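Written out below as structure tokens is the structure these notes cover.
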Ligand SMILES: CS(=O)(=O)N1CCN(Cc2cc3nc(-c4cccc5[nH]ncc45)nc(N4CCOCC4)c3s2)CC1
């Protein structure tokens, strides 16, 4: 009833607002083409006065208000009325040539899901101060793009991936030095094969490509990966390019298409056509805050009144939990009091966070002492509180929570407050330079042993006072031997006084840069300083886009933490996303996925448009997808409805006809995968598309990659479920695969693609030739269907698809993938895994699938609880590893070796895991609620105990699972 | 004066509040979305009022068009009417749902300190910071299947009387399955004892027995069904 999308068939009464104010109501069919309606209205235009001040149809286009308050100018006259669901039936006929570059501002608001006026409607300075700041920079990139010649543009739009020395671990999975690469020309039907040195530059393939007698420069051509907007070029060795590296790594044939410069020039020119559419310190006195009234009607039996205060700098408090005057906790809410803050106004951190709450035994507002330009927040300010939003644990007053206030005024809490405005000349933060001068004016081989025992304990482990003292005492010594210790040191000194702060800031400038993996810690709650953060990102800024894309999820979640807007991180992420290899897309997608939620709506919203703006070109492709996804949401909504009155097989047909229709085959076809920005989507293999048995009936889309792409692509669209736990646990898995390969361990893992695109919406990527172990087991002749329905089903399965030589690799790939998963599961504490959620590819590769819960036991939202996930092994894995072969000590020993080796590798980068899971607290996952949650890892990884004291523990755990090998095998599918 | 009796039933009262609140807050932003959209639609109809009045002043025949325009201004007047009412009824339903959520923070935040008070009692609750057990009951030293089948025949369909194998320095396990007696080889290895290579991590031939009275024999052989409920020396 809030929108027209429910079971209804016929015509609709729409309002047509003409340029001459001529109002006309007409009954128009619901699923009518917007051009058909434009034509329809035009018929009756004359039976209404003023019929002559109008121009022809083709000089005018409709405009509307979306289901999201956005004014949608509908240029594409081919869209169905319902396919562009206007909130109210009304359509304002406007002139097609409405060129004010507010047609751009339409296009943007539409993409994002927030109308740009909303930022003006806030009227608050910073939003406007920064929208305008970014717009300057966004438009500088658009300008950077204009000069650029062919190929140089590609380096700015889709830059090739480089990976030096990764081969110095694993060598030559090629017959001799020679690499086998495949190339064919643009619309050519004949391919050519080449035997090539992996150390050559891509140009040699072009030189080889031209060696085809049929009668241009090799430089006038470019190598595009066949079926992807992925390109390979540059004065670099073939093996160095991530593409090649992968084909080499998975013994796959690199597929290249040769594009003539004029075809990339063409794309550049069509994109540049759209680009043209761009038309005091010395205040030695104490600090105190005065406030007036509140606004609660709430009543309590055991306790009457409620009122609190207090101030922090991250986790560290700078004052005691200040209380307030008791009023009427059942009736009267109005009052006044001068709030005592036993802290000097001079010795105050510019990143100080003034927090407030009430006696919970109930709401909260936390607002910063300083503002966007470091001006002392003074004068009368209103604080819109977060009622029933406090978390179970907070240390009386919550310091973690947002500084950005509640969007609701009516029937949502508020607070009145005043700060010392007094003087006509205000007080601003001490300069970025003046604090170094403050430090310059102010001006261990034995210890090497002690501090190594201090500056080691995991990021979540908080030091005790005496340790803090020595860390600061021997601060210069550790700077020289333990540079990686600054995270510990930065927490040693109390931020209460400026003298230490100055010396601390001095250290940072003269402190070396820690690696990006390390730097990441300096972006959590612990470190809120505007200069440590400026250096933290400093290090990130010196990281690859491929390395960047890795920690991107949680980097976005740090934007959620950020108290301001023009921060170095936002500036960095946008700076990076505007030069994307595929970065920009995820940056963009991850942002919409949360813009729907109040607290981030302004945050992400602004950042989003700032991207859209610097992405005037690509903009089309992102929209192509947004439309593609909406069409899916609806088809799914209809699929849910169908499933009731429709047979499993009749609802399939229903789905198939729906896809085959004009609206679908256009929208959700031939426009780029949101999961992989490089992967092209092209024609759907409709006949093979399906919907799953599940409670949300998710679609299973198959994309026959037509002529050029070797095989088919397969997506899963799932609306109704939180696809973020998977999105994070799959990313965690991608890391383990990273780390093991790093150390030297290709356990042939499959962390398949996953992206949550919005609220309970998103995509899972399909892995080709795969199968659920339950599926493999049933529907098989179980030892002539006589005994144990389970044994060797999984083996014969592999035997079926692997011939002689192939069977060895199959079982080899099975082993380490199983090993890799066995460790990674336990370590990440992935629970309630059954033969319904473990899978096997036809390559022998094993992998996991339903990530409902991590770092504790799975219990539904109503009664969410925790439990240790033991290491588990099924008889079914051993049996395959074994081959059934009664006695050995080389294969089920190779397994245990890997299992041990892997578990040990993870231990080493245990801090990397705890840091990422710590930055993922802001994201708001039902699991990740507190640091008590990340504490699971410390245990799983045996982080205190030494390598061999901890190996022994796991060596036991592994054997104990071999004891429960059939016992667990039973739990996998007996009742299940 | 009350101490530890229960907890679990009052614990789940939080979700009885939170499951409906999360749905209600979600509906409130959804209901506010429409008022923004509604209030934005009006803006377009309002602009029409201005344009129809400005475009009408264009009289550059004038008598019949005086009322035809007037009628249409007065119908356009009547549209913005029903759409101001339509917006107001939704604005009334926001006020309702929002009022209900305030009477829920009156219930939610009142039961939250119940666990905070529990902390002093809850975290202080501290105290801490088989007939196979006999060797001879199943062991039968140096024997032959012939002499093993002998004893076991007549006994219950799940008895254990373990011999010593024909094979040099090995062992065997003679067992009465649901039907009759079956004999499998148990092995010695540095890893321990057990019927098959990856599954032979048993320090003693007894701790094995003790870990196979619980677990089935089926894994090593489909033929070998039943575990070990009775060794030798039954009551009565
Ligand atoms: C014919 S039918 O589809 O109607 N029917 C229902 C389910 N089917 C088995 C499967 C279930 C399944 N669920 C998931 C999933 C479920 C929920 C959350 C998830 N996150 N990631 C995967 C996933 N992910 C899957 N893929 C597999 C390979 O690429 C990868 C995923 C598969 S394959 C067969 C019988």
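The values are calculated or read from the model by the stated rules, or taken from the named source; no laboratory instrument gave them. Backbone-built Cβ (ideal geometry, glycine too); neighbour counts: all protein chains shown.
Structure notes:
- Scan of the stretch A:642-655 for residues that are assigned to a helix (DSSP H, G or I) and loosely packed, with under 15 Cβ neighbours inside 10 Å, ordered by number: A:644, A:645, A:648, A:649, A:650, A:653
- Filter result (within 16 Å of the ligand (Cβ to nearest atom) and either more than 22 Å from residue A:638 (Cβ to Cβ) or in contact with a strand residue (DSSP E or B) (Cβ under 6 Å, 6 or more places away or on another chain) (or both)) within the stretch A:675-700: A:675, A:676, A:679, A:685, A:688, A:689, A:690, A:691, A:697, A:698, A:699, A:700
- No other residue among B:60, B:76, B:94 is over 15 Å from residue A:21 (Cα atoms) and in contact with a helix residue (DSSP H, G or I) (Cβ under 8 Å, 6 or more places away or on another chain) apart from B:94.
Yes/no per residue for (1) buried (at least 20 other Cβ atoms within 10 Å of the Cβ); (2) assigned to a helix (DSSP H, G or I); (3) within 20 Å of the chain's Cα centre (by Cα):
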{"site": "A:915", "(1), (2), (3)": "yes, yes, yes"}
{"site": "A:918", "(1), (2), (3)": "yes, yes, yes"}
{"site": "A:936", "(1), (2), (3)": "yes, yes, no"}
{"site": "A:952", "(1), (2), (3)": "no, yes, no"}
{"site": "A:975", "(1), (2), (3)": "no, no, no"}
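- The lone criterion from (1) farther than 30 Å from residue A:159 by Cβ; (2) within 16 Å of the ligand (Cβ to nearest atom) left unmet by residue A:661 is number (2).
- Criterion (touching a strand residue (DSSP E or B) at 6+ places or on another chain (Cβ under 9 Å) and more than 30 Å from residue A:895 (Cβ to Cβ)) met by exactly one of A:758, A:714, A:753: A:714
- Selection within the stretch A:54-81 - more than 34 Å from the chain's Cα centre (by Cα) and closer than 23 Å to residue B:43 by Cα: A:54, A:60, A:61, A:62
- Flag for residue B:162 being within 14 Å of chain A (Cβ to nearest Cβ), farther than 23 Å from residue B:17 by Cβ, in contact with a helix residue (DSSP H, G or I) (Cβ under 8 Å, 6 or more places away or on another chain) and surrounded by 15 or more Cβ atoms within 10 Å (Cβ to Cβ): no
- The set of residues from the stretch A:291-318 being surrounded by 15 or more Cβ atoms within 10 Å (Cβ to Cβ) and farther than 24 Å from residue A:345 by Cβ comprises A:294, A:296, A:298, A:300, A:305, A:306.
Here's the yes/no breakdown for (1) away from the ligand (no atom under 16 Å from the Cβ); (2) surrounded by 22 or more Cβ atoms within 10 Å (Cβ to Cβ):
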site: A:702; (1), (2): no, no
site: A:707; (1), (2): yes, no
site: A:712; (1), (2): no, no
site: A:716; (1), (2): no, no
site: A:724; (1), (2): no, yes
site: A:738; (1), (2): yes, no
site: A:741; (1), (2): yes, no
site: A:746; (1), (2): yes, no
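- Residue within the stretch A:407-420 that is closer than 28 Å to residue A:524 by Cβ, touching a helix residue (DSSP H, G or I) at 6+ places or on another chain (Cβ under 7 Å) and surrounded by fewer than 17 Cβ atoms within 10 Å (Cβ to Cβ) present: yes
- Single match in A:835, A:780 (criterion: within 13 Å of the ligand (Cβ to nearest atom), touching a helix residue (DSSP H, G or I) at 6+ places or on another chain (Cβ under 6 Å) and either assigned to a loop (DSSP other than H, G, I, E, B) or at positive phi (or both)): A:835
- Residue list for the stretch A:685-703, restricted to those being touching a helix residue (DSSP H, G or I) at 6+ places or on another chain (Cβ under 8 Å), within 29 Å of residue A:230 (Cβ to Cβ) and assigned to a loop (DSSP other than H, G, I, E, B): A:689, A:698
- Residue match in the stretch B:24-34 (condition: closer than 30 Å to residue A:19 by Cα, part of a helix (DSSP H, G or I), within 9 Å of chain A (Cβ to nearest Cβ) and touching a strand residue (DSSP E or B) at 6+ places or on another chain (Cβ under 7 Å)): no
- Pairs where the first residue, in the stretch B:41-70, is more than 8 Å from every other protein chain (Cβ to nearest Cβ) and the second is assigned to a helix (DSSP H, G or I) and surrounded by 15 or more Cβ atoms within 10 Å (Cβ to Cβ), C-beta under 9 Å, 6+ apart: B:42/B:80; B:42/B:83; B:42/B:87; B:46/B:80; B:70/B:56
- Failed condition for residue A:887, given (1) out of contact with any strand residue (DSSP E or B) (no Cβ under 9 Å at 6 or more places or on another chain); (2) surrounded by fewer than 15 Cβ atoms within 10 Å (Cβ to Cβ); (3) more than 16 Å from residue A:824 (Cβ to Cβ): (1)
- Test: residue in the stretch A:97-109 that is within 14 Å of chain B (Cβ to nearest Cβ), assigned to a helix (DSSP H, G or I), out of contact with any helix residue (DSSP H, G or I) (no Cβ under 6 Å at 6 or more places or on another chain) and over 30 Å from residue A:743 (Cβ atoms): yes
- Candidates A:623, A:647 - the one that is away from the ligand (no atom under 16 Å from the Cβ) and not assigned by CATH to the domain that holds residue A:243: A:623
- Taken together, the residues in the stretch A:353-367 that are buried (at least 16 other Cβ atoms within 10 Å of the Cβ) and either assigned to a loop (DSSP other than H, G, I, E, B) or within 14 Å of chain B (Cβ to nearest Cβ) (or both) amount to 7.
- Residue check for residue B:73: surrounded by 14 or more Cβ atoms within 10 Å (Cβ to Cβ), more than 7 Å from chain A (Cβ to nearest Cβ) and under 17 Å from residue A:48 (Cβ atoms): yes
- Residue A:786 fulfils the conditions (1) within 14 Å of another protein chain (Cβ to nearest Cβ); (2) away from the ligand (no atom under 16 Å from the Cβ); (3) under 26 Å from the mean Cα position of the chain (by Cα) except for a single criterion, (3).
- Some residue of the stretch A:131-153 being more than 14 Å from every other protein chain (Cβ to nearest Cβ), touching a strand residue (DSSP E or B) at 6+ places or on another chain (Cβ under 8 Å) and assigned to a loop (DSSP other than H, G, I, E, B): yes
- Residues of the stretch A:846-857 satisfying the condition of being surrounded by fewer than 21 Cβ atoms within 10 Å (Cβ to Cβ) and closer than 23 Å to residue A:765 by Cβ: A:849, A:850, A:852
- Test: residue in the stretch A:760-773 that is crowded, with 17+ Cβ neighbours inside 10 Å, assigned to a helix (DSSP H, G or I) and within 11 Å of the ligand (Cβ to nearest atom): yes
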